[PDB]
Structures are given as structure tokens and as C-alpha cells.
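Chains as they are written, first to last, in the entry's author numbering: chain A, 159 to 312; chain B, 159 to 312. Virtual Cβ for every residue (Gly too), placed ideally from N, Cα, C.
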Ligand SMILES: [Cl-]
Ligand SMILES: [Cl-]
């Protein structure tokens with residue numbers, strides 16, 4: 159893989175690109191996953207946890223996954239990148255600059271994700287790289303979760 | 159508890175405050191909780207899951223919780239508000255405009271949260287309010303999670 163040093167600022171900035179990575183592997187968001195997240199988080203809203211009622215009453219025709227559940231299931235998905243950042247002492251998940259849930263993930267559907275570097279800035283503590291992560295229902299062109307992840311290189 | 163009508167934008171805008179609500183109840187972020195989130199999300203980084211290696215090699219001297227784990231545990235924390243928004247048909251968790259993890263939650267520590275309304279805007283769909291949510295280790299003045307929630311009253 160191409161190697162980019164966090165010390166070579168102008169090289170880090172070249173990674174800013176509008177084209178997304180290839181797709182990642184696929185993960186099934188089962189009702190069992192949804193129910194476990196509901197108990198772990200405390201969010202047991204019926205549109206996520208009540209299949210019988212959601213079939214009859216939900217705008218979506220079935221239960222759907224929590225937005226924040228799909229967000230954290232990104233760690234099940236390996237995004238293939240053709241490059242590798244090096245020459246940092248440490249790498250940190252600094253949070254996010256944007257979280258959106260444009261479309262729902264129906265219970266039982268698979269998700270996959272792709273990404274691109276949306277911005278690169280030098281901060282006091284190092285280099286902040288913003289990676290736009292899009293998580294989709296497999297076969298759905300509109301994202302279900304958008305996450306402008308902020309990575310801090312130190 | 160006062161009632162603010164989503165049809166009265168001057169009354170909605172008057173919720174904007176630099177001061178936070180009272181504290182919520184407390185919740186224990188045990189190693190068992192951290193381990194389960196590791197399995198559910200797929201994030202098994204040793205700083206969260208490996209006490210022994212953490213004791214000797216972790217910059218924190220022990221395991222800590224995933225930032226996104228503390229984030230989703232907000233649904234365990236009931237924030238007492240002195241008001242209630244009404245006169246809407248639907249409320250939507252539209253996402254977030256800022257997520258940060260300023261300080262870590264050591265395994266076995268308790269957390270609690272408070273919040274304030276950061277901004278209120280009229281939108282085509284209805285009224286957008288940004289609520290700053292702060293989740294802390296009980297007794298720590300620095301937040302462990304900052305989450306600027308975006309709420310859409312339709
Ligand atoms: Cl590239
Ligand atoms: Cl920042």
C-alpha cells in the first residue's frame with residue numbers, strides 16, 4: 159500500500175477525494191441484534207422492538223434498527239483502502255462532526271459501508287482527518303447512516 | 159412543568175440557555191457492559207477489553223469504555239427537565255452536529271448526564287432544536303461525551 163506520513167501535510171491533504179472506497183463486507187442487522195442493543199442502551203422504542211405492532215402500524219412495514227445501532231456496527235465493516243497513514247505516535251477516534259440517519263435499516267437486512275477523506279486540518283495536537291463514512295442497506299443507493307468521523311493523528 | 163408550544167417560536171427560542179438541567183440518575187459502566195459492546199459492535203480494542211494488558215501498557219492504567227458506548231448509554235439516563243414541548247405530531251432524532259469524547263470512562267465507574275438547548279431554528283418541516291448533551295463520570299467536571307443532538311419537531 160501507498161504510505162503517507164502525517165508529517166507530510168501536503169500529502170495528507172492529497173487524500174481528500176470525492177470518490178468513495180470500494181464497498182466493505184456485509185453484516186446482517188437481525189432482530190436479535192436490535193433487541194440486544196435495545197436492552198444494552200435502554201432505548202426500547204417499539205418501532206425497533208415490536209414486530210407484531212410495527213407490521214400493523216409502522217410507516218416502514220416492519221421493525222427498523224436504531225440509528226445509533228447502525229452507527230456503531232461500523233466496527234463490523236472493513237473498508238478496503240489502498241493507502242496507509244504512518245509516522246504518527248498515536249491515532250485517536252476524536253468523535254464526529256456530523257451524524258445523520260436519512261433512511262432506516264429494516265430488521266433482517268444487511269448493511270455495508272464505504273468512505274472517503276472529506277477534509278484534513280493541522281490542529282494544535284496534530285492532524286485532524288475527517289472521514290465521511292456512509293453505511294447503506296445492501297442494494298440501497300441512499301445511505302442509512304452518515305458519519306463525518308474525525309480521526310486525530312498525534 | 160411548563161409547556162412550550164412548538165407553534166410559538168419566541169417561546170421555543172427562550173429555551174436557549176448557557177446553563178444545564180439538573181443531573182440525571184446514575185448508571186454503572188461495568189467491564190461486562192464494555193465487553194458486550196465490544197462483541198456487539200465488533201470493536202475489541204484491547205484498551206477496552208484486556209484489563210491485564212491495560213494495567214501494564216495502557217496510558218490510563220486500566221480499561222476504559224468505548225466513546226460510542228458511553229454515547230448510546232444516554233438512553234439509560236433520564237434527565238429531569240422543568241419544561242415539556244408540545245403541540246407537535248412527531249419528534250425525530252435527526253442526528254448530531256457534534257460528537258466528542260474529551261475524557262475517558264474507567265471500567266466500573268458510574269456516569270450521569272445533563273443537557274441544555276443550544277439553538278432553535280424554524281425549518282420547512284417544522285422546528286429544529288439542537289440540544290447539547292453532556293455525559294460525565296459522576297464527580298468529574300470534564301464531560302466524557304459531548305453530543306449536540308438535533309431534534310426535528312414535525
Ligand atoms: Cl485517495
Ligand atoms: Cl475540535
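- Distance from the Cα of residue 281 of chain A is smallest, within the candidate group A/206, A/252 and A/199, for A/252.
- Between residue 175 of chain B and the set B/204, B/188 and B/239, the nearest pair of CA atoms involves B/239.
- About 13 angstroms separates the CB atoms of residue 303 of chain A and residue 234 of chain A; that is not less than 8 angstroms, and the two are not in contact.
- Note that the C-beta distance between residue 277 of chain A and residue 309 of chain A is not below 8 angstroms.
- Residue 300 of chain A sits in coil when the DSSP states are folded into three classes, being neither helix nor strand.
- Any Cβ of chain A closer than 8 angstroms to the Cβ of residue 255 of chain B would place that residue at the interface, and such an atom is present.
- Under the three-state reduction of DSSP output, residue 215 of chain A falls in the helix class.
- The continuous stretches of beta strand (DSSP E) do not include residue 200 of chain A, and DSSP gives it neither H nor E.
- Residue 291 of chain B has a beta carbon lying at 8 angstroms or more from every beta carbon in chain A.
- Within 7 angstroms of the C-beta of residue 175 of chain A there is at least one heavy atom belonging to ligand 1.
- Around residue 312 of chain A, the same chain offers 246, 247, 248, 250, 283 and 284 as residues with beta carbons nearer than 7 angstroms, after the five sequence neighbours per side are excluded.
- For residue 241 of chain A, the CB falls within less than 7 angstroms of some heavy atom of ligand 1.
- For residue 180 of chain A, the closest C-alpha among the options A/298, A/294, A/296 and A/271 is that of A/271.
- The beta carbon of residue 272 of chain A does not come within 8 angstroms of any beta carbon belonging to chain B, so the residue lies off that interface.
- None of the residues of the stretch 276-288 of chain B has a beta carbon lying less than 7 angstroms from any beta carbon of chain A.
- Residue 163 of chain A: member of the beta strand (DSSP E) spanning 160-163, first to last residue.
- Residue 254 of chain B has A/257 and B/307 as its beta-bridge partners, per DSSP.
- Annotated three-state conformation of residue 185 of chain B is strand, per DSSP.
- For residue 230 of chain A, the C-beta contacts it makes with chain B under 9 angstroms involve 195, 198, 199, 200, 201, 224, 226, 227, 229 and 230, in order along the chain.
- Collapsing the DSSP output to three states places residue 227 of chain A in a helix.
- From the listed residues B/222, B/165, B/217 and B/159, the smallest Cα separation to residue 195 of chain B is found for B/222.
- If you look at residue 167 of chain A, you'll find it in the alpha helix (DSSP H) that goes 167-172.
- Taking CB atoms only, residue 251 of chain B has a neighbour in chain A less than 8 angstroms away.
- For residue 207 of chain B, the closest alpha carbon among the candidates B/190, B/305 and B/214 is that of B/190.
- For residue 307 of chain A, the CB contacts under 6 angstroms within the same chain, skipping 5 residues up- and downstream, are 254, 289 and 291 in chain order.
- Within the stretch 233-252 of chain A, the residues whose Cβ lies closer than 9 angstroms to some Cβ of chain B are 233, 234, 235, 248, 250, 251 and 252, listed in chain order.
- Residue 159 of chain A and residue 242 of chain A have their C-alpha atoms some 6 angstroms from each other.
- Residue state for residue 262 of chain B is assigned as coil, using DSSP reduced to three classes.
- In the three-state reduction of the DSSP assignment, residue 207 of chain B falls in the helix class, which pools H, G and I.
- Residue 216 of chain A sits close to residue 205 of chain A, with the two beta carbons spaced by under 8 angstroms.
- In terms of Cβ geometry, residue 269 of chain A and residue 184 of chain A form a close pair [threshold 8 angstroms].
- Under the three-state reduction of DSSP, residue 176 of chain B is assigned to coil, being neither helix nor strand.
- Residue range 284-295 is occupied by the beta strand (DSSP E) that includes residue 291 of chain A.
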